[PDB]
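Engineer: these are from a larger complex, still in place; more later:
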Amino acid sequence: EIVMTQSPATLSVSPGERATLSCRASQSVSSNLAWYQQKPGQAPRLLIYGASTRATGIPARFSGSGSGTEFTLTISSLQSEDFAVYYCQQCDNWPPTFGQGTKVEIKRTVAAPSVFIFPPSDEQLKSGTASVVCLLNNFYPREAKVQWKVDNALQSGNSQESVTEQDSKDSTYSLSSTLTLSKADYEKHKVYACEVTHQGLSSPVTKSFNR
């Protein structure tokens, strides 16, 4: 079984600059390599087959190269539509295998998040659960850390988070983290805080409320 390794995991490129994505096969597959593009919420589409042949309708700025074990997809001048996830796939071995994908995102200047904390509603508390929500709005780059503290106790294992796709207008990310407690637990404590670490912030910012 041929193992396909793509690098880097995320490629940050300014609009108009060149993006070069690598795909390595654990054995030689000659020119038997394909590339696919997948935009969020859409199906993949074929870009390149036979390592270097562009599929019909694909813009000329996409070109594939390589042979044997080392392959390259080059996007010569990133247009707005071109920011997406790219997968390689060997077309040589009879268990077809894909790389794990390279995300190509817009590089922009560092932008600190605006941070908001939301207590659980009285309505939700009536049913015995408390959700506390922390919002990190319009930041860049994507790397950020949220820490929940309840009366200064760091919460580990009690939260889930997710992150939006890169914004089409300002190229930023946003993140939402939910801390879940029982009603009985929520009413045992007073200070609820989320602390946010990000490259745009000189020191961590904390937003909090007292129940």
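Structural biologist: Received it, and whenever you're ready, just let me know what you need. Numbering: from 1, shown residues only, chains lettered A, B, ... in the order given.
Engineer: from here on, contacts and neighbour counts on C-alpha atoms
Structural biologist: Noted.
Engineer: all helices in chain A, in order from the N-terminus.
Structural biologist: Ranges of helices in chain A, per DSSP state H, are A:122-125, A:183-186.
Engineer: what comes up buried for the last one?
Structural biologist: To tie it back to what came earlier, the one meant is helix A:183-186. Neighbour-count burial for helix A:183-186 flags A:183, A:186 (criterion: 16 or more other Cα atoms under 10 Å).
Engineer: Not counting sequence-adjacent ones, nearest residue to residue A:142?
Structural biologist: Excluding the flanking residues, the one nearest residue A:142 by Cα to Cα, 6 or more residues apart in numbering is residue A:173, at 6.1 Å.
Engineer: Report the contact partners of that neighbour.
Structural biologist: Applying Cα atoms under 8 Å, 6 or more residues apart in numbering, we find residue A:173 in contact with A:137-142, A:163-167.
Engineer: do that again at 10 Å, thanks
Structural biologist: For residue A:173, the contact set (Cα atoms under 10 Å, 6 or more residues apart in numbering) comprises A:111, A:113, A:136-143, A:163-167.
Engineer: which one of those sits closest to residue A:155?
Structural biologist: Distance to residue A:155, by Cα to Cα, is smallest for residue A:136 among the contacts of residue A:173, at 17.9 Å.
Engineer: will you turn the helices of chain A into JSON lines that also has distance to residue A:147?
Structural biologist: Output for these, formatted as JSON lines (distance: least, Cα to Cα, whole Å):
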{"stretch": "helix A:122-125", "distance to residue A:147": "23"}
{"stretch": "helix A:183-186", "distance to residue A:147": "17"}
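Engineer: Please identify which of these is closest to residue A:39.
Structural biologist: Closest to residue A:39 of these, according to Cα to Cα: helix A:122-125, at 35.9 Å.
Engineer: So what sits opposite the closest residue to residue A:167 other than its chain neighbours in the bridge?
Structural biologist: Spatial nearest neighbour of residue A:167, chain neighbours left out: residue A:173 (6.4 Å); criterion: Cα to Cα, 6+ apart. Note on residue A:173: beta-bridge partners by DSSP bridges are residue A:139.
Engineer: Chain B follows; place it on the structure:
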Amino acid sequence: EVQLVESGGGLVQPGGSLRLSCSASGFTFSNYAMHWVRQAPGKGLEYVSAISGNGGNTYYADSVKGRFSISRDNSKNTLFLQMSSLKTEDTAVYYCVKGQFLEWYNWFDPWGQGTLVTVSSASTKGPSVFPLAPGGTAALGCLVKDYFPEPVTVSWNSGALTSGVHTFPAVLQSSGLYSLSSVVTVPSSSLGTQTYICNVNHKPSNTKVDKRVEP
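Structural biologist: If we add chain B to the chains shown above, we get the following:
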């Protein structure tokens, strides 16, 4: 133009079975090998199965072999995937995919739009919608909690409010139910005077909620 259209996805319990269909048009279907590929939410692409042009040869990835079956009706230009011995890990968008003449060492082109199969013990139900309550800018939102399966749609002010809206990907909770937040930033001076409503539609449960969010 070649078009591939999948149908049949939805919620099914482990121990159940489900049949996916892919309707093909725009090419001589029986001249081409066909394949299925799937993608778990937030994960990469995983090859599933191959079938030769005349249906005489079939291939299965070890992850589905002995459980799924591939077949084709060349008179109706349809490809099928029969899913049995189901596992929660089979939850994925399933893609119908056109191959070449021989079935081996194909690339895949084009792809259908995909159909989402959710394999879970949880039962269908609509969300509870809770407020995320708020001369500068303020944030407010709705917490769309404890629904199943995906997906849900959220708008603000019946689509009149789009600027500054972020609707987040759902998270799958340990309960087996999904939870999603949708937020919007608005002028602080409007918090008590402008009406902000989140319109939540969960089609799988025929649940619709219009929730006003106030200080």
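Engineer: With chain B now part of the structure, what is the answer for the buried residues of helix A:183-186?
Structural biologist: Residues of helix A:183-186 classed as buried by neighbour count (16 or more other Cα atoms under 10 Å in any protein chain shown): A:183, A:186.
Engineer: which other residues reach it?
Structural biologist: For helix A:183-186, contacts defined as Cα atoms under 10 Å, 6 or more residues apart in numbering or on different chains pick out A:120, A:124-132, A:150, A:180, A:192, A:211.
Engineer: if you set the cut-off to 7 Å instead, what comes out?
Structural biologist: A:125, A:128-130 (Cα atoms under 7 Å, 6 or more residues apart in numbering or on different chains).
Engineer: Show me which pair in these is furthest apart.
Structural biologist: The largest separation in the contacts of helix A:183-186, counting by Cα to Cα, is between A:128 and A:130 at 6.9 Å.
Engineer: wait, isn't residue A:96 in contact with residue A:90?
Structural biologist: Yes - contact criterion Cα atoms under 7 Å: residue A:96 and residue A:90 qualify, at 6.5 Å.
Engineer: more crowded one of the two?
Structural biologist: residue A:90 (32 against 22; other Cα atoms under 10 Å in any protein chain shown).
Engineer: got the contact list for that one?
Structural biologist: Residue A:90 makes contact with A:29, A:32-34, A:96-98, according to Cα under 7 Å, 6+ apart.
Engineer: which residues does it form a beta bridge with?
Structural biologist: Listed by DSSP bridges, the beta-bridge partners for residue A:90 are residue A:33, residue A:97.
Engineer: ok, now residue B:172?
Structural biologist: Applying DSSP bridges to residue B:172 gives these bridge partners: residue B:178.
Engineer: what number of residues lie near it?
Structural biologist: Other residues lying near residue B:172 total 17 when counted by other Cα under 10 Å.
Engineer: coming back round to it: quick one, which of the contacts of residue A:90 are buried?
Structural biologist: By neighbour count, with 16+ other Cα under 10 Å, the contacts of residue A:90 hold A:29, A:32-34, A:96-98 as buried.
Engineer: still on that earlier bit, can you pick the most crowded of the contacts of helix A:183-186?
Structural biologist: In those, the most neighbours by other Cα under 10 Å go to residue A:130, 24 neighbours.
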